[PDB]
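Written below as structure tokens is the structure these notes are about.
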Amino acid sequence: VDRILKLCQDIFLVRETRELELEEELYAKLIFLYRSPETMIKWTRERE
Amino acid sequence: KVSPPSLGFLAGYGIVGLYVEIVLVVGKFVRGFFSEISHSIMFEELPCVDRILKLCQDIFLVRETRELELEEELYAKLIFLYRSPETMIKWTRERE
Amino acid sequence: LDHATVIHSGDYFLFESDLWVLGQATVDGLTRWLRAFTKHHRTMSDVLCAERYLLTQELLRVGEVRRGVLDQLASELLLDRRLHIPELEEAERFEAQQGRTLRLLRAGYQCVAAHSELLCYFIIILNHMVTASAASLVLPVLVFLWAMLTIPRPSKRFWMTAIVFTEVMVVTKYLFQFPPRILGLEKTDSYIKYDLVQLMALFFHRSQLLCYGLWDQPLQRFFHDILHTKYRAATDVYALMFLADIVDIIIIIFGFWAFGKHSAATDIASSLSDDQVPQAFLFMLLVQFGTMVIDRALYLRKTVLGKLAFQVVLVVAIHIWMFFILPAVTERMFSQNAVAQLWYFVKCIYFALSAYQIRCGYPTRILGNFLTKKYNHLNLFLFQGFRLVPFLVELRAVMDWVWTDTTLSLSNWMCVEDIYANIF
Amino acid sequence: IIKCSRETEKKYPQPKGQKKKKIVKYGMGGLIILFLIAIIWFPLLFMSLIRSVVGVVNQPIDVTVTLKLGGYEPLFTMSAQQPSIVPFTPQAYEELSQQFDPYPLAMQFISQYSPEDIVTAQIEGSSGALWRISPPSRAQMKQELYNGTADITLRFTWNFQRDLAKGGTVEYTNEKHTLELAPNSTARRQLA
Amino acid sequence: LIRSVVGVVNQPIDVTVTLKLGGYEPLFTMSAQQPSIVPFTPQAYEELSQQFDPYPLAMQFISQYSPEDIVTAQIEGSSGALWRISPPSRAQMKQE
Ligand SMILES: CCCCCCCCCCCCCCCCC[C@@H](O)O[C@H](CO[C@H](O)CCCCCCCCCCCCCCC)COP(=O)(O)OCC[N+](C)(C)C
Ligand SMILES: CCCCCCCCCCCCCCCCC[C@@H](O)O[C@H](CO[C@H](O)CCCCCCCCCCCCCCC)COP(=O)(O)OCC[N+](C)(C)C
Ligand SMILES: CCCCCCCC/C=C\CCCCCCCC(=O)O[C@H](COC(=O)CCCCCCC/C=C/CCCCCCCC)COP(=O)(O)OCCN
């Protein structure tokens, strides 16, 4: 879950860095990630 | 000192019982209001639902138009739609 | 085209990879911890003393070039690339090896000399806490207004002001030793309670400040201007403030009779079970809760002017409440009272943390939970316990959502928070 | 429901990247936090209000008291009502406070009571009814008081009553105080 | 466990008894307390058990009671108070 945690941390960072558009795009990405289980499997795979 | 007659039904509950009976119930309700919201995202974040609404309306229409076989096929289609999230995404995409 | 369509615009292309022995061990660990806690000051002292040895050895007649004669071991660095001097290295080898408890005392004295600015405030606060009076009140408040609110120093002349003030106070008390109690410390009893210790600590700090090298109406306009600048140390101390507030809450919960019209050492569970609801407990809890809510608001909004105004209001209100109306209503002024002074000390710790936060400023990185830093079993268990208590998670989430900058609705914010908690 | 929400959003589109309508944010957030604070503090604040000025005085309108020996017959029984119920005046409150000044617990407990809350019951010393008793039972009482090789109690019961029309839950409260007479003691012989 | 050794004995400290005819006035009324409350001794328990031996239900019920649980109330035969009554009501009683 390192990638999802990183995504959440980037959302939190951009929330305070004021680049609000980046927050909107990241939230849309997270919603889509939780909307399709196949992309969830792809992102939750373990790398080298 | 004793409570006025109007607020007596409050005074009936002891302060500790006033916490347990009312405060903890409200806390449990508000906690359950947002307990597991992530799980029910797939069916609650559809961009466009016009096609699914049209499918339901066709089911309702064929239910009364007597073409019962068409109702069976439409119900099977709807069940499959709700069975695979990828086809759900494909149908909930927004057109031109 | 709009915000909502940006929310509902996601596709797959976004996701594309590219016994005695134990005692010896404990004292050795304590000495190691002190050394690690004052290592920077140890290195500072070492380089300064090496340079001083170079400066004094060359003192045959006169040292004429300030850089040149020192440049035998460009002028702006903090490192060590020097030569070796046998007496020095033999001195620290002697200090290091042959010592069991002498080194412990040496480390402790090195630590207290390294700070030299915290124990002064501590002694001032203790002296005021043991001798409550209008004479001994101005010094703590103006410590909380000048000393901790001057950024690129402790202060410029506040120290000399402190010496002059303790001067005049001790002279006046000595002359009066030949309602005065609230007016000052003029009573026919032990008069120099902690003035000697405070003076000695203050002058030791002055000596250290001089030897290690430093100094010793539009003015207030400039003062308030410098509290609004760019790129200070940028460190946040908030969880410590919250811990201090929780300690104050616990003290109030256990000790609350001492603020009532006559302390009786009564229990709180008995009073609530007997349906009594003491007034003082209620008022302290409301005041503390409001204070924490305002503090969290200020911290989330990330503003310093508001925080400074809140600090200057709160410190003066707390000081006015005690030494005054509070011992006026109950004749247990300060020394006889037991828990009021402990509560006041905790509140001074809180004030010091708040002033440090104001001076340092607010770091850009906030809104991270103060438990989600390292993923240990203890962290997981305690975070689950935190999320178990009613009304805390929802209240924290709503406060965050209201008082940070975002384009999301409350439901989307709750979705994000729940996702983050589950992933953590 | 989803379609209704989508079309309601469509009717009032929002510019991309706009921070938020501050007015609605502050409104909703303030209402939610105020409701949470009220729910948290409701019992304590509400009861402290009842204990405060808003509380209604509950002055007993009748006090009875009986003294009874063993189980034979009530030796003494008497009542009292508003002609003999004396509400405390501020002056009498001052003497009551001054009497217990060297004790802090008493001062706190008294301080928890408003002047128009403490009343004095002036019970007549003489009984309010004849001591009906059967002569055989009186003889048995006297024999027990002389030669009874066992303890005999002396209950001093008191029993209040209050008015429920003003407000309350229970009308009657009561409590007995119980002594104990050892055999061959002076008290039993003197009663006999 | 409560019904077993850990249970605390509940011995009545006062028994009253009244005999009343119709609704006129209590004809007889009397009390009793610890001088006249006789706790059963083991011997008296033996006679009580032997008396009801030819009946199993009585033996079971008695067996469910510890010796220091059954007490005898010795009520005085004579009334403990005068029979107060209005002469008209006494005449009405006699007529009834
Ligand atoms: C059990 C639980 C744990 C705790 C246990 C107790 C721990 C207690 C620890 C107490 C620590 C106290 C530290 C005090 C430090 C004082 C330092 C002060 O005296 O400095 C002097 C200077 O003080 C100032 O001039 C102000 C005047 C202070 C005058 C105080 C005099 C006290 C004399 C005491 C004599 C005691 C004799 C005892 C004989 C047995 C001399 O230093 P100086 O020559 O600047 O050094 C310059 C070079 N440096 C900077 C690198 C160090
Ligand atoms: C009640 C009856 C008795 C009343 C007695 C009242 C007495 C009042 C006396 C006040 C004396 C004030 C002395 C202040 C000395 C300041 C020394 C100065 O060095 O401090 C500066 C800082 O000064 C402070 O900012 C001044 C703060 C003043 C705050 C006044 C608050 C007054 C509140 C009054 C409330 C009254 C309430 C009611 C009371 C009864 C440091 O500035 P610095 O860092 O070198 O600047 C760097 C830039 N340079 C290089 C160009 C200099
Ligand atoms: C009678 C004794 C009972 C037992 C007492 C035990 C005391 C134990 C001592 C302290 C333990 C502290 C551990 C937790 C530290 C958390 C630090 C922190 O950051 O605090 C905030 C606290 O958040 C809040 O502001 C929440 C509270 C807001 C409302 C005000 C609360 C008022 C005080 C309530 C105390 C509890 C009520 C009962 C008191 C008695 C029993 C404890 C939460 O974390 P974040 O802020 O997200 O992290 C971001 C950091 N970058």
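As shown in the structure tokens, the chain order sets the letters A, B, ...; within each chain, residues go from 1, and ligands are also counted from 1 in the order they appear.
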Counting only C-alpha atoms, a student should be able to say which residues of chain D come within 7 Å of chain E; what is the right answer, written as an MDAnalysis selection string? chainID D and resid 71:72 132:134 137 150
Just N, CA, C and O atoms for this one: save the residues we selected as an mmCIF file, in the first residue's frame.
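Final output, saved to out.cif:
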data_model
loop_
_atom_site.group_PDB
_atom_site.id
_atom_site.type_symbol
_atom_site.label_atom_id
_atom_site.label_comp_id
_atom_site.auth_asym_id
_atom_site.auth_seq_id
_atom_site.Cartn_x
_atom_site.Cartn_y
_atom_site.Cartn_z
ATOM 1 N N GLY D 71 -41.267 -3.333 69.938
ATOM 2 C CA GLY D 71 -42.329 -3.448 68.960
ATOM 3 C C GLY D 71 -43.705 -3.369 69.588
ATOM 4 O O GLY D 71 -44.693 -3.817 68.999
ATOM 5 N N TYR D 72 -43.779 -2.799 70.791
ATOM 6 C CA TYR D 72 -45.012 -2.859 71.566
ATOM 7 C C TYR D 72 -46.062 -1.915 70.995
ATOM 8 O O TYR D 72 -47.100 -2.353 70.489
ATOM 9 N N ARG D 132 -52.177 4.174 73.564
ATOM 10 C CA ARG D 132 -53.010 2.982 73.637
ATOM 11 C C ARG D 132 -52.136 1.740 73.749
ATOM 12 O O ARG D 132 -51.183 1.566 72.983
ATOM 13 N N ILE D 133 -52.450 0.882 74.715
ATOM 14 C CA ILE D 133 -51.687 -0.341 74.929
ATOM 15 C C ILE D 133 -52.517 -1.275 75.798
ATOM 16 O O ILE D 133 -53.175 -0.843 76.747
ATOM 17 N N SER D 134 -52.493 -2.558 75.453
ATOM 18 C CA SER D 134 -53.223 -3.545 76.231
ATOM 19 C C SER D 134 -52.494 -3.819 77.545
ATOM 20 O O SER D 134 -51.267 -3.949 77.557
ATOM 21 N N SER D 137 -49.958 -6.468 77.546
ATOM 22 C CA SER D 137 -48.751 -6.092 76.822
ATOM 23 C C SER D 137 -47.924 -5.080 77.604
ATOM 24 O O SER D 137 -46.694 -5.095 77.518
ATOM 25 N N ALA D 150 -31.903 -9.756 76.951
ATOM 26 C CA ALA D 150 -31.620 -9.479 75.549
ATOM 27 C C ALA D 150 -31.808 -7.992 75.300
ATOM 28 O O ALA D 150 -32.487 -7.297 76.061
#
So that I can check the secondary structure, give me every residue of range 39-75 of chain C assigned helix (DSSP H, G or I) by backbone DSSP, as a PyMOL selection string. chain C and resi 39-57
What does the file look like for those residues with N, CA and C atoms, as an mmCIF file, in the first residue's frame?
data_model
loop_
_atom_site.group_PDB
_atom_site.id
_atom_site.type_symbol
_atom_site.label_atom_id
_atom_site.label_comp_id
_atom_site.auth_asym_id
_atom_site.auth_seq_id
_atom_site.Cartn_x
_atom_site.Cartn_y
_atom_site.Cartn_z
ATOM 1 N N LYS C 39 26.050 17.847 22.186
ATOM 2 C CA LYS C 39 27.206 17.643 21.318
ATOM 3 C C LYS C 39 27.566 18.906 20.546
ATOM 4 N N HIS C 40 26.563 19.615 20.023
ATOM 5 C CA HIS C 40 26.852 20.812 19.240
ATOM 6 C C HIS C 40 27.576 21.852 20.084
ATOM 7 N N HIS C 41 27.121 22.052 21.321
ATOM 8 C CA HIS C 41 27.803 22.986 22.206
ATOM 9 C C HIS C 41 29.189 22.487 22.585
ATOM 10 N N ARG C 42 29.366 21.170 22.728
ATOM 11 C CA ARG C 42 30.704 20.649 22.997
ATOM 12 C C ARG C 42 31.661 20.971 21.855
ATOM 13 N N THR C 43 31.219 20.769 20.612
ATOM 14 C CA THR C 43 32.061 21.107 19.465
ATOM 15 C C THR C 43 32.337 22.605 19.403
ATOM 16 N N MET C 44 31.314 23.421 19.668
ATOM 17 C CA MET C 44 31.499 24.867 19.726
ATOM 18 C C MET C 44 32.586 25.237 20.727
ATOM 19 N N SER C 45 32.499 24.678 21.936
ATOM 20 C CA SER C 45 33.488 24.967 22.967
ATOM 21 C C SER C 45 34.871 24.489 22.550
ATOM 22 N N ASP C 46 34.949 23.327 21.898
ATOM 23 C CA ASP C 46 36.245 22.788 21.497
ATOM 24 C C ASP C 46 36.924 23.692 20.475
ATOM 25 N N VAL C 47 36.194 24.089 19.430
ATOM 26 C CA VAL C 47 36.806 24.943 18.416
ATOM 27 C C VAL C 47 37.164 26.302 19.009
ATOM 28 N N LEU C 48 36.287 26.857 19.855
ATOM 29 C CA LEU C 48 36.582 28.146 20.470
ATOM 30 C C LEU C 48 37.816 28.071 21.361
ATOM 31 N N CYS C 49 37.959 26.994 22.137
ATOM 32 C CA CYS C 49 39.106 26.893 23.031
ATOM 33 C C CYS C 49 40.394 26.643 22.260
ATOM 34 N N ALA C 50 40.331 25.899 21.154
ATOM 35 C CA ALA C 50 41.514 25.747 20.310
ATOM 36 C C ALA C 50 41.947 27.092 19.735
ATOM 37 N N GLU C 51 40.988 27.866 19.220
ATOM 38 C CA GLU C 51 41.317 29.192 18.704
ATOM 39 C C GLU C 51 41.867 30.092 19.804
ATOM 40 N N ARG C 52 41.306 29.997 21.010
ATOM 41 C CA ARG C 52 41.791 30.799 22.128
ATOM 42 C C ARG C 52 43.211 30.410 22.519
ATOM 43 N N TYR C 53 43.524 29.113 22.488
ATOM 44 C CA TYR C 53 44.890 28.680 22.758
ATOM 45 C C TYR C 53 45.847 29.233 21.714
ATOM 46 N N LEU C 54 45.443 29.199 20.442
ATOM 47 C CA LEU C 54 46.275 29.794 19.400
ATOM 48 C C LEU C 54 46.473 31.286 19.637
ATOM 49 N N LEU C 55 45.413 31.981 20.054
ATOM 50 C CA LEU C 55 45.502 33.423 20.270
ATOM 51 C C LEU C 55 46.394 33.761 21.459
ATOM 52 N N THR C 56 46.362 32.943 22.512
ATOM 53 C CA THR C 56 47.143 33.260 23.702
ATOM 54 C C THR C 56 48.598 32.828 23.567
ATOM 55 N N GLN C 57 48.866 31.723 22.866
ATOM 56 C CA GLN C 57 50.245 31.281 22.689
ATOM 57 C C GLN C 57 51.054 32.308 21.906
#
Within 7 Å of chain A, which residues belong to chain C? Use only C-alpha atoms and report them as a list in words. residues 6, 7, 8, 9, 10, 365, 367, 405, 406, 407, 420 and 423 of chain C
Write the selection just made, keeping N, CA and C atoms, as a short mmCIF file (atom, residue, chain, number, x, y, z; two decimals), in the first residue's frame?
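The result, stored in out_31.cif:
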data_model
loop_
_atom_site.label_atom_id
_atom_site.label_comp_id
_atom_site.auth_asym_id
_atom_site.auth_seq_id
_atom_site.Cartn_x
_atom_site.Cartn_y
_atom_site.Cartn_z
N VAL C 6 -14.08 17.67 -13.28
CA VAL C 6 -12.71 17.30 -12.95
C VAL C 6 -12.71 16.20 -11.89
N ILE C 7 -13.64 16.29 -10.93
CA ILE C 7 -13.77 15.22 -9.94
C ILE C 7 -14.08 13.90 -10.62
N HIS C 8 -15.09 13.90 -11.49
CA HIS C 8 -15.51 12.69 -12.19
C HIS C 8 -14.82 12.56 -13.55
N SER C 9 -13.49 12.65 -13.55
CA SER C 9 -12.69 12.43 -14.76
C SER C 9 -11.49 11.58 -14.36
N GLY C 10 -11.66 10.27 -14.41
CA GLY C 10 -10.56 9.35 -14.17
C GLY C 10 -10.58 8.24 -15.19
N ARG C 365 4.67 21.97 6.21
CA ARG C 365 4.12 20.63 6.35
C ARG C 365 3.32 20.52 7.64
N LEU C 367 -1.05 19.17 8.97
CA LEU C 367 -2.25 18.35 8.77
C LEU C 367 -1.95 16.86 8.86
N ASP C 405 -7.42 24.74 3.75
CA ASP C 405 -7.78 25.15 2.40
C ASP C 405 -7.97 23.91 1.52
N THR C 406 -9.16 23.77 0.95
CA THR C 406 -9.47 22.64 0.09
C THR C 406 -10.67 22.98 -0.79
N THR C 407 -10.83 22.21 -1.87
CA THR C 407 -11.95 22.35 -2.79
C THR C 407 -12.98 21.24 -2.63
N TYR C 420 -7.40 7.04 4.17
CA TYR C 420 -6.09 7.19 4.78
C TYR C 420 -5.95 6.34 6.03
N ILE C 423 -5.62 2.63 5.02
CA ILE C 423 -4.33 2.36 4.41
C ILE C 423 -3.22 2.40 5.45
#
Correct to one decimal, the distance CA of residue 42 in chain E-CA of residue 72 in chain E is 13.5 Å
Among the residues C:32, C:237, C:308, C:276, the one that comes closest to residue 52 in chain D [using only C-alpha atoms]: C:276
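Across C:114, C:151, C:107, C:120, the tightest approach to ligand 2 is made by C:151 when counting only C-alpha atoms and all ligand atoms.
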Could you list, as a VMD selection string, all residues that come within 7 Å of ligand 3? Count only C-alpha atoms and all ligand atoms. chain C and resid 238 to 240 242 to 243 245 to 247 249 to 250 253 to 254 288 to 289 292 to 293 296 366 to 371 392 396
Take the residues that were just selected and, keeping N, CA, C and O atoms, output them as a compact mmCIF listing (two decimals), in the first residue's frame.
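Saved as again_14.txt:
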# COMPACT_ATOMS: atom_id res chain seq x y z
N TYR C 238 3.28 21.46 18.58
CA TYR C 238 1.85 21.51 18.86
C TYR C 238 1.39 20.35 19.71
O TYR C 238 0.62 20.55 20.66
N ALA C 239 1.84 19.13 19.40
CA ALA C 239 1.47 17.98 20.22
C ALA C 239 1.94 18.15 21.65
O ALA C 239 1.30 17.63 22.58
N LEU C 240 3.04 18.87 21.86
CA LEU C 240 3.49 19.15 23.22
C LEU C 240 2.56 20.13 23.92
O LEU C 240 2.26 19.98 25.11
N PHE C 242 -0.64 20.37 23.23
CA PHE C 242 -1.82 19.57 23.52
C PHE C 242 -1.59 18.68 24.73
O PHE C 242 -2.50 18.49 25.55
N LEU C 243 -0.39 18.11 24.86
CA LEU C 243 -0.08 17.29 26.03
C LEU C 243 -0.11 18.12 27.31
O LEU C 243 -0.60 17.66 28.34
N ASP C 245 -1.94 20.80 27.76
CA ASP C 245 -3.36 21.06 28.02
C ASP C 245 -4.03 19.84 28.65
O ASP C 245 -4.86 19.98 29.55
N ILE C 246 -3.69 18.64 28.18
CA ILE C 246 -4.26 17.43 28.77
C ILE C 246 -3.80 17.27 30.21
O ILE C 246 -4.57 16.84 31.08
N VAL C 247 -2.54 17.60 30.49
CA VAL C 247 -2.05 17.55 31.87
C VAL C 247 -2.82 18.52 32.75
O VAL C 247 -3.19 18.20 33.89
N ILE C 249 -5.88 19.49 32.22
CA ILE C 249 -7.21 18.92 32.38
C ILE C 249 -7.20 17.85 33.46
O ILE C 249 -8.11 17.79 34.30
N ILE C 250 -6.18 16.99 33.47
CA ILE C 250 -6.09 15.94 34.48
C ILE C 250 -5.93 16.54 35.87
O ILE C 250 -6.54 16.08 36.84
N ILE C 253 -9.25 17.79 36.93
CA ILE C 253 -10.13 16.67 37.24
C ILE C 253 -9.84 16.13 38.64
O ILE C 253 -10.75 15.91 39.44
N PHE C 254 -8.55 15.93 38.95
CA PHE C 254 -8.20 15.38 40.25
C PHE C 254 -8.20 16.45 41.33
O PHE C 254 -8.78 16.27 42.40
N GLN C 288 -10.88 25.76 29.67
CA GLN C 288 -9.82 24.99 29.03
C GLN C 288 -10.25 24.48 27.66
O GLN C 288 -9.48 24.54 26.70
N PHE C 289 -11.49 23.98 27.55
CA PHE C 289 -11.96 23.46 26.27
C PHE C 289 -12.00 24.57 25.22
O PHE C 289 -11.58 24.36 24.07
N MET C 292 -8.42 25.25 24.09
CA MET C 292 -7.90 24.27 23.13
C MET C 292 -8.55 24.43 21.76
O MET C 292 -7.88 24.28 20.74
N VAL C 293 -9.85 24.71 21.72
CA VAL C 293 -10.51 24.89 20.43
C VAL C 293 -9.93 26.09 19.69
O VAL C 293 -9.64 26.02 18.49
N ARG C 296 -6.40 25.18 18.41
CA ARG C 296 -6.44 24.34 17.22
C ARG C 296 -6.87 25.15 16.00
O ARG C 296 -6.32 24.96 14.90
N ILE C 366 2.00 20.56 7.52
CA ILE C 366 1.09 20.27 8.63
C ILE C 366 -0.05 19.40 8.12
O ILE C 366 -0.02 18.92 6.98
N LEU C 367 -1.05 19.17 8.97
CA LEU C 367 -2.25 18.35 8.77
C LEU C 367 -1.95 16.86 8.86
O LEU C 367 -2.89 16.06 8.81
N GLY C 368 -0.69 16.44 8.98
CA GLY C 368 -0.41 15.05 9.24
C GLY C 368 -0.70 14.71 10.70
O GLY C 368 -0.39 15.47 11.61
N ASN C 369 -1.31 13.54 10.90
CA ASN C 369 -1.60 13.09 12.25
C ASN C 369 -0.31 12.86 13.02
O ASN C 369 0.66 12.32 12.49
N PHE C 370 -0.29 13.29 14.28
CA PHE C 370 0.90 13.18 15.11
C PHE C 370 1.13 11.77 15.62
O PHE C 370 1.95 11.57 16.52
N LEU C 371 0.41 10.79 15.07
CA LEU C 371 0.70 9.38 15.27
C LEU C 371 1.17 8.68 14.01
O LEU C 371 1.81 7.63 14.10
N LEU C 392 -14.36 12.14 19.03
CA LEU C 392 -13.07 12.78 18.79
C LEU C 392 -12.73 12.79 17.30
O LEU C 392 -12.27 13.81 16.78
N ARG C 396 -12.53 16.23 15.15
CA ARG C 396 -11.24 16.58 14.55
C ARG C 396 -11.37 16.72 13.04
O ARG C 396 -10.83 17.66 12.45
Tell me which protein, DNA and RNA residues are within 12 Å of residue 125 in chain C, counting only C-alpha atoms, leaving out same-chain ones fewer than 2 positions away, and put them as a count of residues only. 34
